[PDB]
Visitor: 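Structure incoming, see below.
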Amino acid sequence: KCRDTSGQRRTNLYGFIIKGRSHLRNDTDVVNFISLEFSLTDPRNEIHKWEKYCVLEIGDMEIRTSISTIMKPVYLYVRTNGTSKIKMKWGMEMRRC
Amino acid sequence: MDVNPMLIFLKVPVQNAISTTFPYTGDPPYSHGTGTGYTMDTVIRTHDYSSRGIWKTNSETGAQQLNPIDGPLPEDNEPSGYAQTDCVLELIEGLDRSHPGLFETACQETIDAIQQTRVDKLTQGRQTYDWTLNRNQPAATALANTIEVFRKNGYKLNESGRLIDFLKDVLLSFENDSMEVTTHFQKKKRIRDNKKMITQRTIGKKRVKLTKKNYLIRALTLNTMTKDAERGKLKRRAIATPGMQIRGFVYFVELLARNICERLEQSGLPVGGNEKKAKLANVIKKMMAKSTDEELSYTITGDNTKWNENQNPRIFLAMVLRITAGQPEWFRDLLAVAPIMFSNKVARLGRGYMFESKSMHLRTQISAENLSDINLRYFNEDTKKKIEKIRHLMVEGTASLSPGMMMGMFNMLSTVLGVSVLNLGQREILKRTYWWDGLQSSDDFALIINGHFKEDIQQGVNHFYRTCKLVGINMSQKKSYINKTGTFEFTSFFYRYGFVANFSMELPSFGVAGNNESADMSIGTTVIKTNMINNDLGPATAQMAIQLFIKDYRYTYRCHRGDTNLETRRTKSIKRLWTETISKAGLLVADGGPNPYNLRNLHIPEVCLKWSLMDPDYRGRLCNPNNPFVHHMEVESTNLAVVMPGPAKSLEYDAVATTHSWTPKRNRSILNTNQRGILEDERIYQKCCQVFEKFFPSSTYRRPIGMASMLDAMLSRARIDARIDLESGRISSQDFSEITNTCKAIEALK
Amino acid sequence: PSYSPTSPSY
Amino acid sequence: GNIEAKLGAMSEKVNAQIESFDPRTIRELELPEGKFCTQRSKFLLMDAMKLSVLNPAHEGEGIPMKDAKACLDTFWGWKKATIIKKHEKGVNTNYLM
RNA sequence: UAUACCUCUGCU
RNA sequence: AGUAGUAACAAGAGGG
Ligand SMILES: [Zn+2]
């Protein structure tokens with residue numbers, strides 16, 4: 001959720017995460033999850049950046065500019081990933097940055 | 001443009017922007033799996049540094065024990081443990097000359113402690129290796145367990161209640177040749193149920209007698225494990241836990257070392273941060289005042305490499321005996337116990353290892369005991385090699401570790417050694433063209449060398465460096481450096497013509513502590529406060545630190561403000577309290593209330609700050625002394641939390657006892673183990689202490705002393721309480737007989 | 001530039 | 001004179017020679033060689049794309065999945081999904097499904 | 001041997 | 001697969 005400089009409040013959706021099983025005992029134990037994230041970035045322009053991802057093409061979007069509408073394809077960066085209780089704990093506290 | 005934060009250092013000196021070099025907003029490194037690989041590395045490295053020493057097999061344990069001290073002087077700069085006894089004594093003597101009466105009053109203070117210290121004192125403290133269970137246990141349980149097994153054998157001197165008698169029992173217990181111990185094991189019964197038959201797990205206990213070796217090995221054992229959450233290091237390292245036999249003796253040695261360090265200007269221990277910086281400011285002030293305008297001054301930002309691995313129990317025995325010269329021989333021999341046990345110490349090798357089969361897709365656990373027996377086809381080369389060397393040192397599951405020391409064993413006596421080298425640099429002792437002073441805490445030191453010319457400094461460095469080598473101290477040449485006096489570093493304090501701020505060191509302490517709603521609020525506001533004072537936390541950032549802590553506190557405890565549109569498990573009940581309340585500003589944050597805090601009130605506890613604004617009935621409920629949420633603890637452990645900056649210190653906070661002073665649920669994994677019964681023992685012990693405190697209310701403030709029975713003391717109190725409650729009071733005559741009859745009935749049941 | 005690839009106007 | 005004696009006996013190879021430090025003399029740190037480093041964050045950074053709705057809700061209010069469906073319902077022009085960049089080590093049709 | 005379930009545990 | 005990094009997680013134990 002964010003507030004524009006114009007004052008408008010807004011709710012944003014970047015994608016989805018699918019949590020696996022999570023019988024986390026030790027603080028290093030892993031939850032597997034899948035992250036499905038929108039993007040306009042073409043992965044082929046920098047394929048070494050996306051070793052772990054499987055990038056899909058899922059739609060097309062009409063985008064405003066100054067005085068012209070552009071047609072861009074919509075990608076979905078998909079990957080399996082993991083985290084732990086200790087890493088989640090420290091992510092929850094990232095405001096101290 | 002590519003952004004590069006490092007380029008700030010072009011304009012801002014490194015000390016004044018040092019915060020940008022501490023990445024302490026991310027999770028620190030943690031170990032996964034065993035620390036057996038690290039314990040073997042430590043054991044192996046320790047013997048390598050002492051390898052030119054003299055091997056000998058122990059009469060009582062059969063362990064191969066390397067002795068490097070008074071060995072061949074080193075001939076390279078590699079880490080060496082060839083400390084020379086006579087050089088240590090000369091340094092300790094120089095410490096006695098420079099501080100007349102220090103050793104005397106230090107010993108006398110320790111004498112008085114030994115005579116007054118009760119066995120209780122070992123209930124306090126960090127975890128301890130328990131030989132009853134071959135596992136770490138809370139200090140108090142390991143104490144109760146050892147006393148129980150001592151009682152079931154022929155040792156009961158501690159019955160007196162004084163700690164020196166428990167220590168006698170420990171030494172008398174090494175003469176036993178059949179030490180009996182109870183274990184626990186799972187039994188599988190079968191029982192009928194209304195109408196099939198189901199299996200039943202239960203727990204039985206079985207007696208086991210131990211060899212004379214067995215008990216001795218166990219009593220000289222020090223646990224090992226990996227140190228987690230450690231900053232500034234690529235690779236993990238191993239840490240150790242003392243056992244119950246050595247603990248009490250370590251307590252009194254460290255107490256002597258503490259009393260010495262308390263009175264040495266060059267010791268960083270045991271004082272706190274601000275006093276460390278004052279002590280460092282003094283030797284700079286002192287070194288400059290004692291030098292001529294012609295002379296120079298350089299400062300070594302100093303680190304000693306392999307600090308614990310290259311100190312020695314035998315050398316510690318020399319120190320103790322010299323520091324105690326002229327004292328009663330019982331007091332000298334009592335303190336000498338811990339160094340001796342440390343010389344014949346043995347290290348547990350940890351969990352072991354886990355193996356894996358890709359074709360078969362299976363995993364298996366293997367104990368460290370099995371590292372003697374076992375085939376080496378399973379292991380990789382480095383681990384295989386490590387097992388090849390550790391086998392020569394293996395003794396009944398453990399590895400013998402006569403030389404060296406391990407992190408977590410011993411605290412302050414090694415600093416007394418380092419200080420004695422600093423004390424050698426007085427002008428009146430060296431009488432050269434150079435001289436030095438400084439401060440030291442464990443492996444970290446700052447050394448100020450003054451001299452007439454730059455070459456004099458070199459002479460002093462070598463003289464300091466080589467004298468340190470002669471007592472097993474190895475200055476790191478990789479991580480120490482030198483420069484003209486004016487800037488230096490010391491335990492992450494940064495001096496630049498005066499100490500500057502290192503705020504990022506404290507970043508992990510900004511957050512919700514996790515004690516409870518009451519303690520956390522007091523802890524959080526106080527963290528902000530003390531950093532404004534001690535680490536240049538500016539007023540604007542401190543205000544925002546309040547805002548962020550309240551945000552974190554509200555989410556963590558699902559206690560958002562009573563007028564929020566959020567939805568949690570608690571919003572509805574908090575909403576009820578909100579609408580029912582007249583003075584909302586009096587509601588605690590944990591009850592849906594507003595944040596009262598700004599810069600000016602960080603030092604006022606929340607309840608105190610909102611007292612005037614509370615609805616009377618809310619306040620009466622909040623602080624109701626009959627509420628079922630609080631744990632009525634002892635006075636000495638009231639308003640205490642535990643925090644980790646040191647080893648692990650206790651943090652005291654200021655808070656009113658309320659319904660928010662609650663305790664989270666206990667861990668329950670033990671219910672699936674053979675130790676299950678310990679919970680019932682604790683349940684029984686607690687009711688016994690609960691009823692005693694009804695007859696002795698002051699036992700929650702001052703531990704009661706006495707050799708009599710818990711029941712007899714209660715009975716004695718019951719008889720006389722009933723007496724005055726009637727004789728000169730307000731209880732009837734028939735009731736006096738109603739009580740004393742019950743005391744007679746109880747006395748009959750023995 | 002021309003548009004926002006993170007906050008596209010659609 | 002115990003310390004002085006042994007100090008005379010010890011080899012003079014045991015020393016700490018001061019080598020003066022000039023940052024004009026010293027070299028740059030060696031960075032390793034290998035395959036290129038991949039992205040490893042838990043979520044996309046600069047490559048993220050948002051579907052959003054205008055919403056007076058505050059910085060954590062509303063049912064997440066209800067909010068999510070509301071954001072999805074702002075975008076049409078979805079497509080039949082196709083793989084445009086495989087996860088070489090993965091069964092990519094699982095990601096698609 | 002395979003498939004359902006059922007119970008305890010999430011720092012011990 | 002993935003997390004991860006000097007050894008682990010990718011549930012453990014039981015109803016055998
Ligand atoms: Zn909030």
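Heavy-atom basis, side chains included; hydrogens, waters and symmetry copies ignored. Note on naming: letters A, B, ... go to the chains in the order of the sequence lines (proteins, then strands), and numbering restarts at 1 for each one.
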Visitor: When we call it a touch if two heavy atoms are under 4.0 Å apart, what does A:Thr83 touch: a base, just sugar-phosphate, or nothing?
Guide: sugar-phosphate

Visitor: Who passes side chain to side chain contact (heavy atoms under 4.5 Å, CB included) against A:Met94, sequence neighbours left out?
Guide: A:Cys97

Visitor: Below 30° counts as parallel, above 60° as perpendicular, anything between as tilted: where do the rings of B:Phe379 and B:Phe355 land?
Guide: perpendicular

Visitor: Salt-bridged, A:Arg96 to A:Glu93, with N to O below 4.0 Å?
Guide: yes

Visitor: What is the glycosidic conformation of F:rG12: syn, defined as within 90° of 0, or anti?
Guide: anti

Visitor: Based on the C1'-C2'-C3'-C4' torsion angle, does the furanose ring of F:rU6 adopt a north or a south pucker?
Guide: south

Visitor: Using 30° and 60° as the class limits, which term best fits the ring planes of B:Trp662 and B:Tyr557: parallel, tilted or perpendicular?
Guide: perpendicular

Visitor: Would you kindly say whether B:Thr305 and B:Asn474 are connected by a side-chain donor-acceptor distance under 3.5 Å?
Guide: no

Visitor: Using a strict heavy-atom distance below 4.0 Å, which residues from residues 349-365 of chain B are in contact with RNA chain E?
Guide: none

Visitor: Roughly how far apart are A:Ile47 CD1 and D:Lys85 NZ, rounded to 0.5 Å?
Guide: 5.5 Å

Visitor: Using atom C1' of each nucleotide, how far apart are E:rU12 and E:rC8 to the nearest Å?
Guide: 15 Å

Visitor: Using a 4.0 Å cut-off to any heavy atom of chain A, which nucleotides of RNA chain F are the first and last in contact, reading 5' to 3'?
Guide: F:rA1 to F:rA11

Visitor: Roughly how far apart, to the nearest Å, are F:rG14 and F:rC9 at atom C1'?
Guide: 22 Å

Visitor: Taking the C1' atom of each, how far is F:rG16 from F:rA7, in whole Å?
Guide: 32 Å

Visitor: Any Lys/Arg nitrogen of B:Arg683 or B:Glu680 sitting under 4.0 Å from an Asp/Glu carboxylate oxygen of the other?
Guide: yes

Visitor: Going by atom types only, do B:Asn370 and B:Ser367 share a side-chain donor-acceptor pair under 3.5 Å?
Guide: yes

Visitor: Name all pairs fulfilling the ring-ring contact (aromatic ring centres under 6.0 Å, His included) condition that reach into residues 26-49 of chain B, sequence neighbours left out, sorted by first residue then second.
Guide: B:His47-B:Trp55

Visitor: Tell me: NE2 of A:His23 to P of E:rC8, nearest whole Å?
Guide: 13 Å

Visitor: Give one of base, sugar-phosphate or nothing for B:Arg201, where a contact means two heavy atoms less than 4.0 Å apart.
Guide: sugar-phosphate

Visitor: Identify, between D:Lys42 and B:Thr36, the residue whose nearest nucleotide on RNA chain F lies closer to the 5' end.
Guide: D:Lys42

Visitor: What's the base orientation of F:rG14: syn (chi within 90° of 0) or anti?
Guide: anti

Visitor: What integer distance in Å separates A:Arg25:CZ from E:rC8:P?
Guide: 14 Å

Visitor: Quick check on contacts: within residues 85-97 of chain D, what sits under 4.0 Å from RNA chain F by heavy-atom distance?
Guide: D:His87, D:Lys89, D:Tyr95

Visitor: Output a table of nitrogen or oxygen pairs between the protein and nucleotides 5-7 of chain E separated by less than 3.5 Å.
Guide:
none

Visitor: Between F:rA1 and F:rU6, how far is it from one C1' atom to the other, in whole Å?
Guide: 23 Å

Visitor: Mind telling me if F:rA7 is north or south by its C1'-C2'-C3'-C4' torsion?
Guide: south

Visitor: Taking any heavy-atom pair under 4.0 Å as a contact, classify D:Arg40: base, sugar-phosphate, or nothing.
Guide: sugar-phosphate

Visitor: Before accepting this row, confirm whether a basic side-chain N of the pair B:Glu517/B:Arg570 lies closer than 4.0 Å to the acidic partner's carboxylate O.
Guide: yes

Visitor: Please work out if B:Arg135 contacts a base, only the sugar-phosphate, or nothing of the nucleic acid, heavy-atom cut-off 4.0 Å.
Guide: nothing

Visitor: Contact list please: residues 667-689 of chain B against RNA chain E, heavy atoms, distance less than 4.0 Å, in numerical order.
Guide: B:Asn667, B:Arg668, B:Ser669, B:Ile670, B:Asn672

Visitor: Under 3.5 Å for both distances, Watson-Crick or G-U wobble, that's the pair rule; now give the dot-bracket for RNA chain F, with | marking pairs to another strand and [ ] for crossing ones.
Guide: .((....)).|||||.

Visitor: With a 4.0 Å cut-off on heavy atoms, is B:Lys235 in touch with a base, just the backbone sugar-phosphate, or nothing at all?
Guide: base

Visitor: Can you list the residues that meet the side chain to side chain contact (heavy atoms under 4.5 Å, CB included) rule with A:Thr80, with sequence neighbours excluded?
Guide: A:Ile34, D:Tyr95

Visitor: Taking the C1' atom in each of F:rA10 and F:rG2, what is the distance between them to the nearest angstrom?
Guide: 8 Å

Visitor: List the residues meeting salt bridge (charged side-chain N to carboxylate O under 4.0 Å, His left out) with B:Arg207, not counting sequence neighbours, and say none if there are none.
Guide: B:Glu180

Visitor: Judged by each residue's nearest nucleotide on RNA chain F, which is more toward the 5′ side, B:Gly37 or A:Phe33?
Guide: A:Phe33

Visitor: If I pick the P atom on F:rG12 and the same atom on E:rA2, what distance separates them, to the nearest angstrom?
Guide: 15 Å

Visitor: Going from NZ on B:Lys306 to CG on B:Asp443, what distance comes out if it is rounded to the nearest 0.5 angstrom?
Guide: 11.0 Å

Visitor: Can you tell me if B:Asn515 and B:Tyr653 form a side-chain donor-acceptor pair at under 3.5 Å?
Guide: no

Visitor: Using the salt bridge (charged side-chain N to carboxylate O under 4.0 Å, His left out) criterion, which residues pair with B:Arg45? Sequence neighbours excluded.
Guide: B:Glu309

Visitor: Mind telling me whether B:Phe22 and B:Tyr24 have parallel, tilted or perpendicular rings, with 30° and 60° as the class edges?
Guide: perpendicular

Visitor: By the salt bridge (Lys or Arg N to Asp or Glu O under 4.0 Å) test, which pairs, at least two apart or in different chains, include something from residues 42-54 of chain A?
Guide: A:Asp42-A:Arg44, A:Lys49-D:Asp47

Visitor: Just call it for A:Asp29: base, sugar-phosphate, or nothing, with non-hydrogen atoms closer than 4.0 Å on any strand.
Guide: sugar-phosphate

Visitor: Just by distance, no angles: are the side chains of A:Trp50 and D:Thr38 close enough, under 3.5 Å, to form a donor-acceptor pair?
Guide: no

Visitor: Using a distance-only test with no angle check, is there a side-chain donor-acceptor pair under 3.5 angstrom linking B:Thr556 and B:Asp552?
Guide: yes

Visitor: Examine the side chains of B:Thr383 and B:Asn380 and answer whether a donor and an acceptor come within less than 3.5 Å of each other.
Guide: yes

